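Participant: One structure is given below, represented as structure tokens, and several questions about it will come after.
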Amino acid sequence: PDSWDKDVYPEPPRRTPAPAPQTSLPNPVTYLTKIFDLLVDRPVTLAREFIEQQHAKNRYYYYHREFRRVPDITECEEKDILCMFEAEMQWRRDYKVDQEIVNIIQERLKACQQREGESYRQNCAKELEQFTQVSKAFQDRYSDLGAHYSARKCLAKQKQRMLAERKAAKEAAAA
Amino acid sequence: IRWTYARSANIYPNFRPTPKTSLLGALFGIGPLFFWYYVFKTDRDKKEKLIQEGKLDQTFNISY
Amino acid sequence: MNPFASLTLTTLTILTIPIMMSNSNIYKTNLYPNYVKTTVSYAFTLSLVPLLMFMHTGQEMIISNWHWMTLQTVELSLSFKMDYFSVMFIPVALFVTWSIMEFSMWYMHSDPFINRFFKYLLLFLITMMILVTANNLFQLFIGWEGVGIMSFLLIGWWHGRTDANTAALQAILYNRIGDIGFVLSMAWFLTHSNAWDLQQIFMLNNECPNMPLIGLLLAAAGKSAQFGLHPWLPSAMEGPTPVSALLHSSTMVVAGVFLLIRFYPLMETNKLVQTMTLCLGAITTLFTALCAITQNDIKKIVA
Amino acid sequence: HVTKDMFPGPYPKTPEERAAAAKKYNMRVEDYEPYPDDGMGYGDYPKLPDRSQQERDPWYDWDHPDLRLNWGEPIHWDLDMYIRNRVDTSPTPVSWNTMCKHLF
Amino acid sequence: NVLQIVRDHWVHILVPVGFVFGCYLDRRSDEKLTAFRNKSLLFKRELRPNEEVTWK
Amino acid sequence: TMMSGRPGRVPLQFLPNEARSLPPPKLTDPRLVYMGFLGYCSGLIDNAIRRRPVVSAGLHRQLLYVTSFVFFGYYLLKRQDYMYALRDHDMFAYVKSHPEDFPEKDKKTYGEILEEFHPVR
Amino acid sequence: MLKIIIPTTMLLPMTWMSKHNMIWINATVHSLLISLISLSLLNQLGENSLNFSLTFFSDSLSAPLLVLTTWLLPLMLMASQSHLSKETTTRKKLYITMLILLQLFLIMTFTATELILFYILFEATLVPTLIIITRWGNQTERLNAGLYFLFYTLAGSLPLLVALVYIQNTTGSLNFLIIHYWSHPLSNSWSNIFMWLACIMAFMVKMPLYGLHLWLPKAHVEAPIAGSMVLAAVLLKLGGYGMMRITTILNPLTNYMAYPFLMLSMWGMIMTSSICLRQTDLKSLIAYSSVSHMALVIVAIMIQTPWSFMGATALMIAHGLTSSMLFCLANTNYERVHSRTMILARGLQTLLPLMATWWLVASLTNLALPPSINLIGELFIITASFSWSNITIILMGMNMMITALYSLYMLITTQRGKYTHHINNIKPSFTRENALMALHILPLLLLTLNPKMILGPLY
Amino acid sequence: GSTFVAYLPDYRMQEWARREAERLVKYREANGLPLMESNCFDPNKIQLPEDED
Amino acid sequence: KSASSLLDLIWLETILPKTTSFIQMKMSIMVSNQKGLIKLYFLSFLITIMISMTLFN
Ligand SMILES: CCCCCCCCCCCCCCCCCC(=O)OC[C@H](COP(=O)([O-])OCC(O)COP(=O)([O-])OC[C@@H](COC(=O)CCCCCCCCCCCCCCCCC)OC(=O)CCCCCCCCCCCCCCCCC)OC(=O)CCCCCCCCCCCCCCCCC
Ligand SMILES: CCCCCCCCCCCCCCCCC[C@@H](O)O[C@H](CO[C@H](O)CCCCCCCCCCCCCCC)COP(=O)(O)OCC[N+](C)(C)C
Ligand SMILES: CCCCCCCCCCCCCCCCC[C@@H](O)O[C@H](CO[C@H](O)CCCCCCCCCCCCCCC)COP(=O)(O)OCC[N+](C)(C)C
Ligand SMILES: CCCCCCCCCCCCCCCCC[C@@H](O)O[C@H](CO[C@H](O)CCCCCCCCCCCCCCC)COP(=O)(O)OCC[N+](C)(C)C
Ligand SMILES: CCCCCCCC/C=C\CCCCCCCC(=O)O[C@H](COC(=O)CCCCCCC/C=C/CCCCCCCC)COP(=O)(O)OCCN
């Protein structure tokens, strides 16, 4: 379906076997789905065509909102409230986008687990690794801010982590 | 009416500070609080120490 | 396209129409039980088709149709699981329930509130079908609580009897004792696996720790009336015989066991919890049979 | 319609007020026994036997057959604990200690 | 009957009048907070050919 | 701020001449409306105390109450605004005349300031 | 925001000028219309807030509370219209005036862009409630209850004011936006400890905390039906709103100072749930249930996590609706019985089946049956507490068990069994009472369809 | 009121966030970037205080 | 016994409200119980004047 892009939500080529009736008995499944088609699928399809023509008679569009980039909290003065407000709003928008990214990855993981069936442990290692990476990044960004989280607290946590990383790297280099 | 009044409204005017009552009130009103405080404090110090040493394996722990 | 989903949702959907019509005029006539029985029989003969498709092909599905609230990275949606377990258990439950209402037609012939009795039976069936087909832990909890509340209402059917109310409260007490472990398992799974969906829970737990499995085992012991929390099942025989035949013998009381069946990928990776489950089952079956072999009430012996 | 004197009071220390309290609660002076005078505020309320309401006679014509209570008779301090839906003290065929030992 | 039911039903007009007056007063308070109209870095915009203010 | 000894203050002047350089409060000022409302409430209480129909006993008396309240409120608002203007003028003049006690802080960005982080656990 | 305040103010002139037999109809109609108007505030943003002006602002924490406050007034009028039948027109208009003043004060309190204005309105809500309790009350103890309900509150609230002004001397602004954007950590000092206590105990006393819950049973029992409704539904949520608004500046000192209150709430929920089991009064039992639920809300707020705040908001809304319904049902029983004792009138399901259904639904929604929003809030708070510490689950599960026990005990004692023989004045339930129950219960089952509407700003 | 609340416009920016995440993931996957970065801010514009201890 | 009567009805009542009521009643009785003899009040005023002269300088 064109409603969503295949690249963000990838799917395998979905190969399926062909029917190989080894006996002459008529299986009830084929006849059952034929009568199901005749009794359900055709009226639903016809109603959909009627509704789609009615929608085509009146066509209108909506646009995805675009947002400009604004200086973040790192380029804001200590007591300047306007730039702090702009940076806080931008940080909240980025936080929401990151949450949606993690949601997309989790959707991929769930779909892979359901699709691959009994061999989910092996055939979905790539999705598990992707989710591990994205979850590690998300946790590093926003694990312990808690309620009343803010851009300043996130920046302080990042500064603490980078100070620790710099100290560890300096110790390892001079070890 | 006598039953309800004696159950609800006649308790305090007949109350007397007694070693039995003082000890029982202190126990049942203070002991559980300090017990649960000690339990939760010990658990949280253990968890904080494990986090500081980094040996807790908090992978996939995103919602809190 | 792919009638498996349409049929497997249509069965549960048409199971709910008499509840909608309970406010109509037919609820005030004596044809309401026949209406409910016919609806259940049609639901069973309609659910016989997904079973045939599964037996032919082995076809399994997940239907996440409606999107509920999304909480940061956790997404909650109305998702139904149609694996082997659901598509096999639904026809059997519908067949048993059809037989039970046909029997209750004659057994409850002199009860003034027979339409209400049939409505209660249908509501219990709907809640159990919700429990069986649930794909996430919140929907499973919804079914878990619906079946318990319906059991409470049906045990105390004769509310003028003190013992019926006592038995209903006993059942509620024991089921809440199990609810403690159920909620513990839910909280642990959300905190560590970051989801309540079955797929993500199975994926992120290669070697499941003790605590969530112990919570699941406690919930299963509470609902299935194991040795620690057994007496509520014997005491539930205060309700009408159709209630004892449908809920407390064949459909509701297996629910806890079904729960442990649903989490079997995590069950096999833990040895201590398996030993606890085996020991609890053995002691429960021994004690209950030993109590049974000397009872005088027939309903108690069957329970 | 209830007067001030028909409400519970403090612990009775002399036989005169004991008789007055026994008259207040519709019982004989010999049958009257207040709770021991300790800090807990029982005041002057009859310490009826701790027997439950399940083992009251189920064939007597009580004014409240479900609760097995009469209209004007005194009510046990822990009546809500003994309502045939809760803890009952009915004697059992085997002694309590024997059942405890066997179960343990 | 007009001029008779009014003496009894005139109280029903108070709340809607209060509502419309409150909307007018909300616009009143809004008109005094335009010091940054079309000036935020996020929504810096060039005016339309027949536009004077972005929002009122 | 004790302005009793402020230099060049006429002793018993309610409104000095310099106060005329400030914008007068509008006749629709919410504070004037509240003063009129207070006058109306006083009229209603006067009607209630004397055992008269509260809403429609004296229209002239209530309207006089409202008018007097509005008059006094207008003049009080004028004086209040003048006093606040004087306070701000004095504060700004003192800040200007004493630069050494009000130094210009060095402007620093949050990217170069180390703030301790306290995790919520 | 004045589009809501001005109609509420115009409700007063309308009531006074209203005909002697048309006060209730006009009040109910216009209150429902004002609730419909206030429904528009639910449309919130993922951004900061709905800043209407310098004085009033809206938020997705304030919006559900404002909607509930506007919705409660018609229900309060419908409940109060019964027992005020033999009452003079002037005093009935005074009662409606007290209700309108309380609603106006609550509406202005929930916006309150500045903390001193919030305190002023938060303490102004006290006077109408005290007047209602001490004037239109039945028992002789009402006066005492009023005294309690007053002084407890002030005993917590007077230090807060001092702290508030002190903050304005140090920070320079008590505006919530500036306070949030310019928040700085609190050093672990004795002075900061006492400022924390002054800021916290004012809201902890009104929840109420387990130690400071004495005033609540008295105030709820001796108040009339409208007073009980407003106390249980909205007035208890002021402390939670204040705590969620004020805990921003209390960090990181909250981590150390939360322990005594966390222990007190976690044990007092069990204590009050057990107290509910042995209770000979319906109103007292409902009051203690309210205490337990608000103790859970206190635990949620002290944990200070996003899931904690979401569950707290949902639980406050659900508990308000549920407690109002329970008090209404108890008052409907009392108006027929005039005894207010559980064991006196029994077997009411035989005589009043639809009211028995209402009782069952109220008990089920108080029992936290999924997927009700009560269960959503309880589960969110439980999960947040488990993340805080894995041992809390024992106390939480015990609380759930005892809650179910006492809820079904309340239902069974009054509805099931055999009817009392000597009681013969049990008339069929009126349309007004049934409509009150339906208007109480339908919003809950509609809100469970859209939970995000009541999950707060951290959703 | 129920119908009005049900059809409230998406001011919470749920679909907007979903579409932004879709396009952002589409960009990063094609460019080979490692999805979400660990640092919320660019370290180049953060000036650490040198210890020299 | 413990939850309802011992703590809720007795000790929690004894600690905050009842102690405050008793202390305030005692202090009010002590302060207000003046027989109206100006001799005692004048002697107290003299003592206060002496204390102020010998303590606040
Ligand atoms: C946030 C601010 C916003 C809200 C503002 C709130 C305050 C505003 C008003 C302030 C005071 C001014 C008016 C009060 C005068 C008192 C007169 C009175 O008693 O009422 C009787 C009178 C009707 O009775 P009547 O036929 O004359 O003869 C009966 C006798 O008067 C007397 O009959 P009776 O003696 O036989 O009855 C005995 C009764 C009579 O005793 C009383 O009623 C005394 C009146 C209350 C005391 C007032 C104290 C001063 C104000 C303090 C406000 C406190 C606010 C802070 C919140 C805490 C609340 C305490 O006393 C008792 O029953 C004893 C127990 C009472 C319960 C305990 C006491 C609690 C009272 C506290 C009330 C506080 C709010 C008052 C609201 C207004 C009430 C009228 O009521 C009225 O008609 C006047 C009401 C206002 C007139 C509205 C006209 C405007 C409509 C057209 C213009 C449209 C405007 C918009 C323009 C654009 C449209 C196109
Ligand atoms: C309880 C509410 C207040 C009510 C007050 C009574 C209202 C009726 C009074 C009628 C008018 C009185 C004004 C007098 C006319 C001229 C006054 C003028 O000559 O005096 C000047 C000063 O004017 C008066 O002081 C102002 C009086 C106005 C009082 C209103 C303030 C009320 C406080 C806020 C509550 C709001 C009340 C609003 C409703 C009334 C010069 O003072 P100055 O010789 O240089 O120094 C002496 C004062 N010092 C020492 C403190 C510096
Ligand atoms: C009654 C119903 C409930 C009502 C509300 C009750 C809740 C209020 C209780 C307030 C919490 C405790 C207050 C102070 C807690 C601080 C932590 C302290 O307990 O720990 C030690 C504190 O040591 C000792 O506790 C010293 C204080 C001892 C004096 C307090 C009296 C103890 C019992 C009195 C209880 C009465 C409270 C109610 C009064 C009306 C740590 O030693 P230290 O590292 O050095 O100090 C750290 C703090 N610094 C950095 C600011 C210096
Ligand atoms: C008597 C027996 C029954 C007979 C009747 C049979 C019919 C049964 C049907 C009734 C229940 C069955 C479930 C069917 C639900 C379908 C409707 C549902 O999908 O709509 C919900 C809508 O419900 C509302 O969202 C919730 C109700 C609003 C709550 C406000 C309460 C009303 C105000 C009153 C005052 C408030 C007091 C409390 C203060 C907070 C969720 O919609 P959503 O998936 O999201 O998106 C809507 C479409 N979009 C995408 C275009 C936006
Ligand atoms: C329901 C009843 C609850 C009662 C609530 C009472 C708890 C609140 C704490 C007591 C009142 C303190 C109010 C202080 C207001 C905040 C101001 C502040 O914190 O500033 C401090 C001031 O701190 C204080 O002075 C507090 C001293 C306390 C005096 C009053 C004692 C009252 C009783 C104390 C014992 C009770 C403690 C726990 C009470 C819990 C309630 C049960 C800094 O002072 P500076 O001189 O400016 O610092 C300069 C050097 N850095």
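Naming scheme: A, B, ... for chains in displayed order of the structure tokens; residues 1 onward per chain; ligands 1 onward as shown.
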Once you count only C-alpha atoms, which residues of chain B turn out to be within 9 Å of chain A? Could you give them as an MDAnalysis selection string?

Facilitator: chainID B and resid 59:64

Participant: Could you list the protein, DNA and RNA residues that have any atom within 8 Å of ligand 3, counting only C-alpha atoms and all ligand atoms, and write them as a ChimeraX atom specification?

Facilitator: /G:188-193,197,201,209-212,256-257,259-261,264 /I:12,15-16

Participant: Write the selection just made, keeping C-alpha atoms, as an mmCIF file, in the first residue's frame?

Facilitator:
data_model
loop_
_atom_site.group_PDB
_atom_site.id
_atom_site.type_symbol
_atom_site.label_atom_id
_atom_site.label_comp_id
_atom_site.auth_asym_id
_atom_site.auth_seq_id
_atom_site.Cartn_x
_atom_site.Cartn_y
_atom_site.Cartn_z
ATOM 1 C CA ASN G 188 21.322 20.199 51.603
ATOM 2 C CA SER G 189 21.095 22.678 54.475
ATOM 3 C CA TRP G 190 18.947 23.075 57.574
ATOM 4 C CA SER G 191 17.478 26.304 56.190
ATOM 5 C CA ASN G 192 16.661 24.589 52.895
ATOM 6 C CA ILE G 193 15.213 21.634 54.824
ATOM 7 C CA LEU G 197 8.928 21.542 54.926
ATOM 8 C CA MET G 201 3.255 20.409 54.577
ATOM 9 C CA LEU G 209 -1.408 12.724 54.950
ATOM 10 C CA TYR G 210 -1.995 9.683 57.145
ATOM 11 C CA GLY G 211 -0.817 11.484 60.276
ATOM 12 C CA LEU G 212 -2.866 14.594 59.472
ATOM 13 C CA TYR G 256 16.236 12.865 50.995
ATOM 14 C CA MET G 257 13.124 14.528 52.418
ATOM 15 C CA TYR G 259 11.360 9.286 52.923
ATOM 16 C CA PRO G 260 9.201 10.092 56.016
ATOM 17 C CA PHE G 261 6.164 11.029 53.927
ATOM 18 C CA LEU G 264 3.757 7.413 56.201
ATOM 19 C CA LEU I 12 -3.314 10.792 66.715
ATOM 20 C CA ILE I 15 -0.817 14.383 69.910
ATOM 21 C CA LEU I 16 -1.747 17.283 67.628
#

Participant: Quick one: residues within 6 Å of ligand 5, with only C-alpha atoms and all ligand atoms, as a PyMOL selection string?

Facilitator: chain G and resi 152+155-156+159+162-163+166+191-192+194-195+197-198+201+205

Participant: Please produce a file of the residues just selected, as a PDB file, in the first residue's frame, where the atoms kept are N, CA and C atoms.

Facilitator:
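Result saved to selection-v6.pdb:
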ATOM      1  N   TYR G 152      -6.475  22.819  61.191  1.00  0.00           N
ATOM      2  CA  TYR G 152      -5.548  21.941  60.486  1.00  0.00           C
ATOM      3  C   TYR G 152      -5.007  22.624  59.239  1.00  0.00           C
ATOM      4  N   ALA G 155      -2.880  25.511  60.029  1.00  0.00           N
ATOM      5  CA  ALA G 155      -1.659  25.058  60.687  1.00  0.00           C
ATOM      6  C   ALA G 155      -0.613  24.641  59.665  1.00  0.00           C
ATOM      7  N   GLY G 156      -1.053  24.203  58.484  1.00  0.00           N
ATOM      8  CA  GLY G 156      -0.101  23.868  57.443  1.00  0.00           C
ATOM      9  C   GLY G 156       0.167  25.026  56.502  1.00  0.00           C
ATOM     10  N   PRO G 159       2.787  28.778  57.457  1.00  0.00           N
ATOM     11  CA  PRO G 159       4.216  28.776  57.099  1.00  0.00           C
ATOM     12  C   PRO G 159       4.461  28.881  55.605  1.00  0.00           C
ATOM     13  N   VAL G 162       4.799  32.356  54.313  1.00  0.00           N
ATOM     14  CA  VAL G 162       6.102  32.922  54.639  1.00  0.00           C
ATOM     15  C   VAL G 162       7.144  32.426  53.651  1.00  0.00           C
ATOM     16  N   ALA G 163       7.233  31.103  53.480  1.00  0.00           N
ATOM     17  CA  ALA G 163       8.171  30.560  52.507  1.00  0.00           C
ATOM     18  C   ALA G 163       7.971  31.225  51.157  1.00  0.00           C
ATOM     19  N   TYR G 166       9.357  34.646  51.063  1.00  0.00           N
ATOM     20  CA  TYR G 166      10.806  34.527  51.151  1.00  0.00           C
ATOM     21  C   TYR G 166      11.394  34.198  49.788  1.00  0.00           C
ATOM     22  N   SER G 191      18.389  25.275  56.680  1.00  0.00           N
ATOM     23  CA  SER G 191      17.478  26.304  56.190  1.00  0.00           C
ATOM     24  C   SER G 191      16.688  25.812  54.985  1.00  0.00           C
ATOM     25  N   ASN G 192      17.363  25.147  54.044  1.00  0.00           N
ATOM     26  CA  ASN G 192      16.661  24.589  52.895  1.00  0.00           C
ATOM     27  C   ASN G 192      15.723  23.463  53.306  1.00  0.00           C
ATOM     28  N   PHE G 194      14.044  23.316  56.144  1.00  0.00           N
ATOM     29  CA  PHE G 194      12.850  23.943  56.701  1.00  0.00           C
ATOM     30  C   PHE G 194      12.030  24.654  55.632  1.00  0.00           C
ATOM     31  N   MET G 195      12.677  25.231  54.616  1.00  0.00           N
ATOM     32  CA  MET G 195      11.914  25.813  53.513  1.00  0.00           C
ATOM     33  C   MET G 195      11.155  24.732  52.752  1.00  0.00           C
ATOM     34  N   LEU G 197      10.050  21.926  54.073  1.00  0.00           N
ATOM     35  CA  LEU G 197       8.928  21.542  54.926  1.00  0.00           C
ATOM     36  C   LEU G 197       7.804  22.569  54.858  1.00  0.00           C
ATOM     37  N   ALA G 198       8.152  23.858  54.889  1.00  0.00           N
ATOM     38  CA  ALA G 198       7.138  24.903  54.810  1.00  0.00           C
ATOM     39  C   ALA G 198       6.400  24.855  53.480  1.00  0.00           C
ATOM     40  N   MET G 201       4.281  20.861  53.638  1.00  0.00           N
ATOM     41  CA  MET G 201       3.255  20.409  54.577  1.00  0.00           C
ATOM     42  C   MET G 201       1.916  21.099  54.354  1.00  0.00           C
ATOM     43  N   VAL G 205      -1.203  18.558  54.203  1.00  0.00           N
ATOM     44  CA  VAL G 205      -2.273  18.517  55.196  1.00  0.00           C
ATOM     45  C   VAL G 205      -3.639  18.360  54.534  1.00  0.00           C
TER      46      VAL G 205
END

Participant: Please report, as JSON lines, each residue of chain F lying at most 6 Å from ligand 2, together with the nearest pair of atoms and the separation in Å rounded to one decimal; use only C-alpha atoms and all ligand atoms, and order rows by chain and ascending residue number.

Facilitator:
{"residue": "F:4", "atom": "CA", "partner": "ligand 2", "partner_atom_place_in_ligand_line": "52 (C)", "distance": 4.7}
{"residue": "F:11", "atom": "CA", "partner": "ligand 2", "partner_atom_place_in_ligand_line": "44 (O)", "distance": 4.6}
{"residue": "F:12", "atom": "CA", "partner": "ligand 2", "partner_atom_place_in_ligand_line": "19 (O)", "distance": 4.0}
{"residue": "F:13", "atom": "CA", "partner": "ligand 2", "partner_atom_place_in_ligand_line": "19 (O)", "distance": 4.9}
{"residue": "F:14", "atom": "CA", "partner": "ligand 2", "partner_atom_place_in_ligand_line": "18 (C)", "distance": 4.1}

Participant: Can I get the selection written as a tab-separated table (two decimals), in the first residue's frame, with N, CA, C and O atoms?

Facilitator:
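File produced: result.tsv:
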chain	number	residue	atom	x	y	z
F	4	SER	N	9.36	60.08	53.07
F	4	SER	CA	8.91	61.20	53.89
F	4	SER	C	9.88	62.37	53.79
F	4	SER	O	9.46	63.53	53.71
F	11	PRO	N	4.71	69.67	52.02
F	11	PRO	CA	4.22	68.85	53.14
F	11	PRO	C	2.87	68.20	52.92
F	11	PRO	O	2.77	66.97	52.93
F	12	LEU	N	1.82	69.00	52.70
F	12	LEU	CA	0.46	68.49	52.65
F	12	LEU	C	-0.11	68.45	51.24
F	12	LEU	O	-1.30	68.71	51.04
F	13	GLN	N	0.72	68.12	50.25
F	13	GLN	CA	0.28	68.05	48.86
F	13	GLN	C	-0.15	66.62	48.55
F	13	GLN	O	0.64	65.68	48.66
F	14	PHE	N	-1.42	66.46	48.16
F	14	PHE	CA	-1.90	65.14	47.74
F	14	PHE	C	-1.30	64.75	46.40
F	14	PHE	O	-0.83	63.62	46.22

Participant: Quick one: everything within 6 Å of range 88-104 of chain D, counting only C-alpha atoms, minus sequence neighbours fewer than 5 positions away in the same chain. Send it as a list in words.

Facilitator: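 With the cut-off at 6 Å, the set is residues 51, 52 and 55 of chain D.
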
Participant: Do me a favour and pick out the residues of chain B within 10 Å of chain G, using only C-alpha atoms, as a list in words.

Facilitator: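 Only these qualify: residues 1, 3, 4, 7, 8, 29, 30, 32, 33, 34, 35, 36, 37, 38, 39, 40, 41, 43, 44, 47, 61, 63 and 64 of chain B.
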
Participant: Do you know which residues are at most 6 Å from range 70-83 of chain C counting only C-alpha atoms, after dropping those on the same chain fewer than 5 positions away, and could you put them as an MDAnalysis selection string?

Facilitator: (chainID A and resid 99 103) or (chainID C and resid 60:65 133:135 195)

Participant: Keeping only C-alpha atoms, write those residues as a compact mmCIF listing (two decimals), in the first residue's frame.

Facilitator:
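Result file selection_1.txt:
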# COMPACT_ATOMS: atom_id res chain seq x y z
CA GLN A 99 10.32 8.89 21.27
CA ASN A 103 8.47 3.55 18.73
CA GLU C 60 -1.26 -17.56 12.60
CA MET C 61 -1.93 -13.85 12.96
CA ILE C 62 -1.69 -10.75 15.11
CA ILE C 63 -4.45 -8.15 14.64
CA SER C 64 -3.50 -4.79 16.19
CA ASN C 65 -6.53 -2.85 15.04
CA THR C 133 -7.15 -13.79 22.53
CA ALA C 134 -5.24 -10.99 24.28
CA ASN C 135 -1.88 -10.08 22.73
CA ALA C 195 6.69 -3.21 26.69

Participant: Around ligand 1, out to 8 Å and counting only C-alpha atoms and all ligand atoms, which residues are there? I want them as a short mmCIF file (atom, residue, chain, number, x, y, z; two decimals) with C-alpha atoms, in the first residue's frame.

Facilitator:
data_model
loop_
_atom_site.label_atom_id
_atom_site.label_comp_id
_atom_site.auth_asym_id
_atom_site.auth_seq_id
_atom_site.Cartn_x
_atom_site.Cartn_y
_atom_site.Cartn_z
CA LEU E 14 -27.22 37.14 31.88
CA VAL E 17 -23.99 38.06 27.85
CA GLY E 18 -21.29 37.32 30.41
CA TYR F 40 -22.80 49.64 44.69
CA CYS F 41 -22.22 47.00 47.38
CA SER F 42 -22.26 49.71 50.05
CA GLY F 43 -25.59 50.93 48.67
CA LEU F 44 -27.03 47.42 48.75
CA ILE F 45 -25.87 46.96 52.35
CA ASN F 47 -30.70 49.23 51.79
CA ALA F 48 -30.51 45.87 53.58
CA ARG F 51 -35.06 47.06 56.12
CA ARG F 52 -35.80 48.34 52.62
CA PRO F 53 -36.14 46.55 49.26
CA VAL F 54 -32.46 45.88 48.65
CA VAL F 55 -32.29 46.29 44.87
CA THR G 9 -19.79 35.59 38.16
CA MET G 10 -23.04 36.27 36.28
CA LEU G 12 -24.90 35.16 41.08
CA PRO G 13 -27.09 37.99 39.74
CA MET G 14 -29.16 35.43 37.87
CA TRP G 16 -30.87 36.41 43.12
CA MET G 17 -33.14 37.90 40.44
CA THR G 90 -33.36 33.77 50.78
CA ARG G 91 -31.39 30.96 52.42
CA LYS G 93 -30.29 31.54 47.29
CA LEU G 94 -27.53 31.91 49.89
CA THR G 97 -24.37 31.65 46.25
CA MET G 98 -21.93 29.69 48.42
CA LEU G 101 -18.46 31.32 45.05
CA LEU G 104 -15.38 30.60 41.09
CA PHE G 105 -12.59 30.37 43.66
CA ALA G 124 -10.22 31.67 49.95
CA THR G 125 -11.85 28.35 49.04
CA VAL G 127 -14.61 30.18 53.83
CA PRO G 128 -17.56 28.94 51.69
CA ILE G 131 -20.00 28.17 56.06
CA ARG G 135 -24.68 26.20 58.67
#

Participant: Would you list the residues that come within 9 Å of ligand 4? Count only C-alpha atoms and all ligand atoms and give the answer as a short mmCIF file (atom, residue, chain, number, x, y, z; two decimals) with C-alpha atoms, in the first residue's frame.

Facilitator:
data_model
loop_
_atom_site.label_atom_id
_atom_site.label_comp_id
_atom_site.auth_asym_id
_atom_site.auth_seq_id
_atom_site.Cartn_x
_atom_site.Cartn_y
_atom_site.Cartn_z
CA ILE C 17 -24.87 -8.27 19.98
CA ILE C 19 -25.62 -7.49 25.19
CA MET C 20 -26.49 -4.52 22.98
CA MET C 21 -30.06 -5.79 22.56
CA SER C 22 -30.45 -6.34 26.32
CA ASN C 23 -31.99 -2.85 26.44
CA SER C 24 -34.39 -3.65 23.57
CA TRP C 66 -7.19 0.11 17.37
CA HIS C 67 -4.46 2.34 18.82
CA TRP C 68 -4.94 3.26 22.48
CA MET C 69 -2.84 5.79 24.41
CA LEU G 32 -24.27 22.90 32.52
CA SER G 35 -19.34 23.28 31.84
CA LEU G 36 -19.86 22.92 28.08
CA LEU G 39 -14.87 21.79 27.85
CA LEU G 42 -9.08 20.20 26.91
CA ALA G 63 -7.66 21.44 32.23
CA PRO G 64 -9.18 18.15 33.53
CA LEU G 65 -9.47 19.62 37.03
CA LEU G 66 -11.20 22.72 35.65
CA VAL G 67 -13.59 20.57 33.60
CA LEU G 68 -14.40 18.44 36.66
CA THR G 69 -14.94 21.55 38.80
CA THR G 70 -17.32 23.06 36.24
CA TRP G 71 -19.13 19.72 35.85
CA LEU G 72 -19.59 19.21 39.60
CA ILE G 317 -9.84 12.64 38.39
CA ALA G 318 -11.17 9.10 38.79
CA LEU G 321 -15.85 11.18 40.31
CA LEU G 439 -24.42 11.80 35.12
CA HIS G 440 -21.80 10.76 37.67
CA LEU G 442 -21.11 8.06 32.29
CA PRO G 443 -18.11 10.47 32.17
CA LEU G 444 -15.86 7.81 33.75
CA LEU G 445 -16.69 5.19 31.11
CA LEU G 446 -16.34 7.83 28.41
CA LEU G 447 -12.95 9.02 29.70
CA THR G 448 -11.61 5.47 29.71
CA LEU G 449 -11.96 5.69 25.91
CA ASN G 450 -9.63 8.73 25.75
CA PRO G 451 -7.19 8.36 28.66
CA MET G 453 -7.18 13.64 28.06
CA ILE G 454 -6.54 13.18 31.80
CA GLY H 1 -19.04 17.57 24.24
CA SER H 2 -17.97 13.95 23.76
CA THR H 3 -18.05 14.39 19.97
CA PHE H 4 -16.15 17.68 20.29
CA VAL H 5 -13.41 16.09 22.42
CA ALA H 6 -13.26 13.07 20.09
CA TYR H 7 -12.59 15.28 17.06
CA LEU H 8 -10.18 17.75 18.66
CA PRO H 9 -7.40 18.83 16.27
CA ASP H 10 -3.96 17.31 16.67
#
